Amino acid sequence: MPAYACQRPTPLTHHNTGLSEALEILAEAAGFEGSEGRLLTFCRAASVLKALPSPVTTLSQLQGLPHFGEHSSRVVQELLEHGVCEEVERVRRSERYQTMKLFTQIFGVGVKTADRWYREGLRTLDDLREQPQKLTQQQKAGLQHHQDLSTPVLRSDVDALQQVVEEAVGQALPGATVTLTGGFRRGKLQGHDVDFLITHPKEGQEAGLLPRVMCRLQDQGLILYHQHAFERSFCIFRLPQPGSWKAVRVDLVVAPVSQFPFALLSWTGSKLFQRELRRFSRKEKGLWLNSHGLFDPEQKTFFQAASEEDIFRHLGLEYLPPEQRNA
DNA sequence: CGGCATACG
DNA sequence: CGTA
DNA sequence: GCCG
Ligand SMILES: O=c1ccn([C@@H]2O[C@H](COP(=O)(O)NP(=O)(O)OP(=O)(O)O)[C@@H](O)[C@H]2O)c(=O)[nH]1
Ligand SMILES: [Mg+2]
Ligand SMILES: [Mg+2]
Ligand code: NA
């Protein structure tokens with residue numbers, strides 16, 4: 001078992017679901033406390049279990065696995081012996097965890113804002129609604145739409161949305177393309193949002209595109225919220241339902257076609273997979289990876305990629321299709 | 001011990 | 001600060 | 001919290 005998540009296939013469904021979920025609770029709680037290192041270790045340990053070919057049934061099966069030390073092994077031990085880990089259950093029922101989870105789930109609220117509201121004594125969404133002077137416009141939208149945004153987006157919703165985005169994109173710039181990315185490209189059946197990547201086959205034609213797309217979507221009455229030169233938009237869309245509609249989060253990103261493989265890789269995820277890939281690139285290969293390219297700081301040169309396959313090959317990694325990037 | 005991904009709005 |  |  002290799003130490004980096006980008007070195008091994010990780011399928012969406014696997015054989016250690018309960019164990020990984022418990023470790024991910026501890027990872028999330030570490031993040032609420034501002035402990036990024038402990039969040040990463042618990043996330044990486046959970047992801048190792050997702051990559052295993054069969055269920056862990058005995059503690060000895062953790063020997064030699066990366067990211068399993070005394071703490072993560074003790075968590076697994078208690079789950080195997082008792083079906084429950086006392087530390088995990090203590091986190092689950094704690095007021096701090098439940099409130100931080102509730103607040104950070106709001107669009108426009110991160111850990112730092114949630115923590116400040118917690119320290120001020122706020123605990124519920126209605127507590128926030130009662131003091132709307134203290135909310136940004138983005139947070140007001142996140143709070144108004146919170147119920148709809150808490151409902152999973154279905155894969156059967158996604159095609160209809162892609163069609164309306166393609167219509168606006170085609171008027172904004174004929175020949176521009178829309179690619180589904182994010183969790184749905186990795187095979188998820190649900191999601192918290194829909195992520196799209198937009199480009200055009202002629203380099204440079206995509207400049208200035210996203211404002212033109214957003215104006216057209218807004219003119220069609222489909223935009224419940226957006227931030228408005230820009231190349232990423234984090235919106236709330238009106239999605240039709242039987243006799244009504246629901247609010248859905250939609251992310252749009254524009255990239256020049258020269259950068260498209262890097263952008264597709266970056267926005268397809270998973271989040272942990274991309275952090276691990278960027279860490280691998282820098283620490284093992286001495287190359288700097290982001291959503292725009294792959295930089296050799298010694299030569300001061302960028303690697304020209306025509307595909308995701310190119311990028312894996314340039315990093316010396318076996319290719320993983322999106323469905324195996326569910327770290 | 002240092003390090004923990006990276007950038008845009 | 002938020003967001004991906 | 002764990003790795004190198
Ligand atoms: O902090 C982040 C968040 C997101 N991303 C990249 O953006 C992609 C989309 O980010 P996302 O937040 O839409 N997550 P996703 O995997 O689609 O699952 P869901 O919760 O169902 O929407 C992720 O899969 C990562 O590739 C990052 O690189 N860093
Ligand atoms: Mg998504
Ligand atoms: Mg997204
Ligand atoms: Na949030």
Side-chain angles (χ1 to χ4, degrees), chain A residues 1-7 23-24 26-27 29-31 34-48 62 64-69 71-76 87 103-117 135-136 138-143 149 181-183 185 191-198 210-211 214 225-226 228-236 249-255 259 262-285 287-295 327:
Chain A
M1 172 82 55
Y4 291 85
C6 55
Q7 295 176 296
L23 290 166
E24 286 179 344
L26 297 183
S35 188
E36 270 303 300
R38 290 166 165 77
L39 173 149
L40 279 168
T41 281
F42 285 128
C43 286
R44 292 165 182 166
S47 77
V48 163
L62 301 180
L65 293 180
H67 311 292
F68 277 88
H71 198 147
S72 57
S73 296
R74 184 179 66 246
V75 172
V76 168
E87 182 187 8
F103 286 171
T104 60
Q105 279 168 359
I106 305 168
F107 180 66
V109 181
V111 170
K112 291 183 180 177
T113 299
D115 174 68
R116 178 171 57 78
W117 288 346
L135 305 173
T136 66
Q138 181 182 52
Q139 287 161 0
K140 292 181 176 183
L143 186 54
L149 297 191
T181 185
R185 182 171 183 248
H192 108 286
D193 72 356
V194 190
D195 307 286
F196 294 116
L197 173 64
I198 300 166
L210 197 48
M214 294 309 305
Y225 168 87
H226 76 115
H228 302 91
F230 54 102
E231 69 204 41
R232 310 180 182 177
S233 181
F234 322 118
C235 324
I236 303 175
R249 279 274 296 105
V250 178
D251 289 333
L252 305 179
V253 173
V254 172
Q259 298 178 7
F262 298 101
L264 182 63
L265 179 63
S266 179
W267 303 126
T268 294
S270 71
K271 176 178 176 160
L272 180 62
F273 187 93
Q274 294 309 307
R275 291 171 78 153
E276 292 278 289
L277 185 65
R278 290 166 180 196
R279 187 171 68 99
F280 177 87
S281 184
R282 177 179 290 265
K283 302 305 182 174
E284 304 304 329
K285 303 298 175 176
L287 304 179
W288 302 346
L289 181 65
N290 63 22
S291 75
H292 309 311
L294 179 62
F295 184 68

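Here is how names work: the chains are called A, B, and so on, in the same order as the sequence lines, proteins then strands, and each is numbered from 1.
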Suppose you measure atom P in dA5(B) against the same atom in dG4(D); what distance do you get, rounded to whole Å? 15 Å
Could you grab the distance from atom CG of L265(A) to atom CG of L289(A), nearest 0.5 Å is fine? 6.5 Å
Interatomic distance where CZ belongs to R74(A) and P belongs to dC2(D) [whole Å]: 8 Å
Within the pair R249(A) and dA4(C), is there a side-chain N or O less than 4.0 Å away from OP1 or OP2? yes
Options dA4(C), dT6(B), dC3(D), nucleotide nearest the side-chain atoms of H67(A): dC3(D)
Hey, does the side chain of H292(A) come within less than 4.0 Å of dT6(B)'s phosphate (OP1/OP2), counting only N and O? no
Is the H228(A) ring parallel, tilted or perpendicular to the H226(A) ring (thresholds 30°, 60°)? tilted
Below 4.0 Å: OP1/OP2 of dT6(B) and any side-chain N or O of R282(A): yes
In whole Å, what is the span from the CD atom of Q274(A) to the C1' atom of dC8(B)? 16 Å
Picking from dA4(C), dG1(D), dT6(B), which would you name as closest to the side chain of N290(A)? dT6(B)
Could you tell me how far apart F103(A) (CZ) and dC1(C) (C1') are, to the nearest whole angstrom? 17 Å
Go through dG9(B), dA5(B), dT3(C) for me and flag the one nearest to the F107(A) side chain. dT3(C)
To the nearest 0.5 Å, what is the distance between CG on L272(A) and CZ on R44(A)? 7.5 Å
Select base, sugar-phosphate, or nothing to describe what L277(A) touches, counting heavy atoms under 4.0 Å on all strands. nothing
So which of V250(A), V253(A), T181(A) actually passes side chain to side chain contact (heavy atoms under 4.5 Å, CB included) with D195(A)? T181(A)
Interatomic distance, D195(A) CG vs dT3(C) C1' [rounded to whole Å]: 11 Å
Spatial distance of atom CZ (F196(A)) from atom OG (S233(A)) [nearest 0.5 Å]: 12.5 Å
Interatomic distance where CD1 belongs to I236(A) and P belongs to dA4(C) [whole Å]: 11 Å
Side chains of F262(A) and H292(A), heavy atoms from C-beta outward: is any pair under 4.5 Å? no
If the cut-off is 4.0 Å, is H192(A) near the phosphate of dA4(C), judged by side-chain N/O to OP1 or OP2? yes
Please report the distance, rounded to the nearest Å, between CG in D193(A) and P in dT3(C). 12 Å
Would you say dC8(B) has OP1 or OP2 under 4.0 Å from some side-chain N or O of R232(A)? no
For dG9(B), does either OP1 or OP2 sit under 4.0 Å from a side-chain N or O belonging to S233(A)? no
At 4.0 Å (heavy atoms only), tell me whether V109(A) reaches a base, stays on the sugar-phosphate, or touches nothing. sugar-phosphate
Within less than 4.0 Å of OP1 or OP2 of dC4(B), is there a side-chain N or O belonging to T41(A)? no
Counting side-chain heavy atoms from CB outward, which of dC4(B), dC1(C), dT6(B) is closest to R278(A)? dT6(B)
Taking atom P of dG1(D) as reference, at what distance in whole Å does atom CG of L62(A) sit? 16 Å
Report the nucleotide, chosen from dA5(B), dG1(D), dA4(C), that has the shortest atom-to-atom distance to any side-chain atom of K271(A). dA5(B)
Rounded to whole Å, please give me the gap between CG in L26(A) and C1' in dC2(D). 14 Å
Under 4.0 Å, counting only non-hydrogen atoms across every strand here, what does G37(A) touch: a base, just sugar-phosphate, or nothing? base
Residue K283(A), side-chain heavy atoms: nucleotide from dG2(C), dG3(B), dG9(B) that is nearest: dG3(B)
Nearest to the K112(A) side chain among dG2(C), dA4(C), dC4(B), which nucleotide is it? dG2(C)
Between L210(A) and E276(A), just flag the one whose closest nucleotide in DNA chain B comes earlier from the 5' side. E276(A)
